[PDB]
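Since the structure comes first, as structure tokens, the remarks are kept for the end.
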Amino acid sequence: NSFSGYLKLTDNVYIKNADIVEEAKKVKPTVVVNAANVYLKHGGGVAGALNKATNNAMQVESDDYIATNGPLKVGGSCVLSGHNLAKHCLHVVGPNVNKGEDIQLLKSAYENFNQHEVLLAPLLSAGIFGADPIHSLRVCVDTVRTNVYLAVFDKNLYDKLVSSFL
């Protein structure tokens with residue numbers, strides 16, 4: 001297919017050092033995953049970058065979602081438009097270790113991926129969410145059964161994830 005340049009980790013998990021925004025713009029996947037919070041406030045990290053690329057359309061849509069449905073749960077998700085990036089955006093809430101949220105909910109977060117055949121995704125709970133990215137990758141591999149293309153922005157982290165993989 002249209003995903004190019006990925007390293008194969010397992011039958012179904014692939015990884016690349018790339019900016020998820022640029023990779024979504026190039027591939028136009030059916031599903032891109034956002035590293036959301038429960039309020040769908042897309043201020044920083046992956047979420048802030050994805051929202052900026054939609055010219056704030058993602059935030060306007062998300063505010064309407066919250067006004068109608070209320071917050072998500074940690075570990076939960078919702079499917080909204082992908083705007084100019086993808087057909088759909090799967091907004092998934094991983095635990096934020098800096099807020100004291102239970103890291104076990106990371107498995108529940110990744111289970112949402114199994115409802116979609118192919119996804120372009122970041123590592124959940126990494127970056128500003130405070131979890132160890134090596135652990136997040138392990139939970140991903142052990143939980144997701146569908147085809148997941150992981151984009152890791154930081155080259156030094158990418159190299160560490162690949163070279164420590166087991």
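Within each chain, counting starts at residue 1; across the structure tokens, chains are named A, B, ... in the order shown, with ligands numbered 1 upward in that order.
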
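Running DSSP on the backbone gives alpha helix (DSSP H) for these residues within region 45-123 of chain A: residues 45, 46, 47, 48, 49, 50, 51, 52, 53, 57, 58, 59, 60, 61, 62, 63, 64, 65, 66, 67, 68, 69, 105, 106, 107, 108, 109, 110 and 111 of chain A.
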
Go ahead and write the selection's residues with C-alpha atoms as an mmCIF file, in the first residue's frame.
```
data_model
loop_
_atom_site.group_PDB
_atom_site.id
_atom_site.type_symbol
_atom_site.label_atom_id
_atom_site.label_comp_id
_atom_site.auth_asym_id
_atom_site.auth_seq_id
_atom_site.Cartn_x
_atom_site.Cartn_y
_atom_site.Cartn_z
ATOM 1 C CA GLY A 45 1.947 17.551 21.736
ATOM 2 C CA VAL A 46 0.531 15.431 18.937
ATOM 3 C CA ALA A 47 -2.970 16.809 19.446
ATOM 4 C CA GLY A 48 -1.886 20.428 19.114
ATOM 5 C CA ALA A 49 0.045 19.600 15.951
ATOM 6 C CA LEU A 50 -2.821 17.700 14.348
ATOM 7 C CA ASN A 51 -5.310 20.420 15.225
ATOM 8 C CA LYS A 52 -3.067 23.172 13.833
ATOM 9 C CA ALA A 53 -2.797 21.223 10.549
ATOM 10 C CA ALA A 57 -11.400 22.613 12.447
ATOM 11 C CA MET A 58 -10.616 19.651 14.689
ATOM 12 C CA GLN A 59 -11.060 21.813 17.782
ATOM 13 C CA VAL A 60 -14.383 23.278 16.618
ATOM 14 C CA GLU A 61 -15.724 19.772 15.941
ATOM 15 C CA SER A 62 -14.385 18.517 19.268
ATOM 16 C CA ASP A 63 -16.006 21.338 21.242
ATOM 17 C CA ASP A 64 -19.378 20.404 19.753
ATOM 18 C CA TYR A 65 -18.751 16.735 20.636
ATOM 19 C CA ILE A 66 -18.019 17.586 24.291
ATOM 20 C CA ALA A 67 -20.970 19.916 24.556
ATOM 21 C CA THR A 68 -23.272 17.106 23.374
ATOM 22 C CA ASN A 69 -21.666 14.052 24.986
ATOM 23 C CA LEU A 105 -5.370 2.060 31.461
ATOM 24 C CA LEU A 106 -2.844 2.170 28.623
ATOM 25 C CA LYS A 107 -3.914 -1.340 27.647
ATOM 26 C CA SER A 108 -7.567 -0.271 27.510
ATOM 27 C CA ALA A 109 -6.523 2.706 25.361
ATOM 28 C CA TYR A 110 -4.760 0.494 22.813
ATOM 29 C CA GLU A 111 -7.723 -1.934 22.668
#
```

Neighbours of residue 22 (chain A) within 12 Å (only C-alpha atoms; same-chain residues fewer than 4 positions away dropped), as a CSV table (one decimal) with N, CA and C atoms, in the first residue's frame?
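File written: part.csv
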```csv
chain,number,residue,atom,x,y,z
A,17,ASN,N,10.5,6.7,11.7
A,17,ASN,CA,10.8,8.0,12.3
A,17,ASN,C,10.2,9.0,11.4
A,18,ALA,N,9.1,9.6,11.8
A,18,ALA,CA,8.4,10.6,10.9
A,18,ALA,C,7.5,11.5,11.8
A,26,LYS,N,0.6,12.9,3.5
A,26,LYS,CA,1.1,12.2,2.3
A,26,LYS,C,0.3,11.0,2.0
A,27,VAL,N,-0.1,10.2,3.0
A,27,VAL,CA,-0.8,9.0,2.8
A,27,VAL,C,-2.3,9.1,2.8
A,28,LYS,N,-2.9,10.0,3.5
A,28,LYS,CA,-4.3,10.2,3.6
A,28,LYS,C,-4.9,8.9,4.1
A,29,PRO,N,-4.5,8.4,5.2
A,29,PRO,CA,-5.0,7.1,5.7
A,29,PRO,C,-6.5,7.2,6.0
A,32,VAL,N,-6.4,8.2,11.3
A,32,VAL,CA,-5.2,8.7,12.1
A,32,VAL,C,-5.7,8.7,13.5
A,46,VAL,N,1.1,15.9,20.2
A,46,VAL,CA,0.5,15.4,18.9
A,46,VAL,C,-0.8,16.1,18.6
A,49,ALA,N,-0.5,19.6,17.3
A,49,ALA,CA,0.0,19.6,16.0
A,49,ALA,C,-1.0,19.2,14.9
A,50,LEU,N,-1.8,18.1,15.3
A,50,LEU,CA,-2.8,17.7,14.3
A,50,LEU,C,-3.9,18.8,14.2
A,53,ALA,N,-2.8,21.6,12.0
A,53,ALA,CA,-2.8,21.2,10.5
A,53,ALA,C,-4.2,21.3,9.9
A,84,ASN,N,-8.6,17.3,6.7
A,84,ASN,CA,-7.7,17.2,5.6
A,84,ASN,C,-6.6,16.2,5.8
A,85,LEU,N,-6.6,15.5,6.9
A,85,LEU,CA,-5.5,14.5,7.2
A,85,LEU,C,-5.8,13.1,6.9
A,86,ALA,N,-7.1,12.7,7.0
A,86,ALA,CA,-7.5,11.3,7.0
A,86,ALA,C,-9.0,11.3,6.8
A,120,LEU,N,-2.8,4.8,11.4
A,120,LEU,CA,-1.5,5.6,11.5
A,120,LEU,C,-1.6,6.2,12.9
A,151,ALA,N,4.3,6.3,14.0
A,151,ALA,CA,5.2,7.4,13.6
A,151,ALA,C,5.8,8.0,14.9
A,152,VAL,N,7.1,8.0,15.0
A,152,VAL,CA,7.8,8.5,16.1
A,152,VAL,C,8.7,9.7,15.6
A,153,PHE,N,8.4,10.9,16.2
A,153,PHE,CA,9.0,12.1,15.8
A,153,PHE,C,10.4,12.2,16.1
```

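Between residue 138 (chain A) and the residues A:20, A:9, A:33, A:93, the shortest atom-to-atom distance, using only C-alpha atoms, involves A:9.
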
- Excluding residue 98 (chain A) and any residue of its chain fewer than 3 positions from it, enumerate the residues within 10 Å of it, using only C-alpha atoms, and give them as a VMD selection string. chain A and resid 95 101 128 to 131

- Message: When DSSP is applied to the backbone of this structure, which of region 11-159 of chain A are assigned strand (DSSP E or B)? Write them out as a PyMOL selection string.
- Response: chain A and resi 13-17+31-36+77-81+88-93+118-121+147-152

- Leaving out residue 154 (chain A) and any residue of its chain fewer than 5 positions from it, which residues lie within 12 Å of it when counting only C-alpha atoms, given as a VMD selection string? chain A and resid 16 to 20 122 to 123 126 to 127 133 159 to 161

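Note that CA of residue 140 (chain A) and CA of residue 1 (chain A) are 21.9 Å apart.
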
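Residue nearest residue 87 (chain A), chosen from A:163, A:156, A:30, A:55 and counting only C-alpha atoms: A:30.
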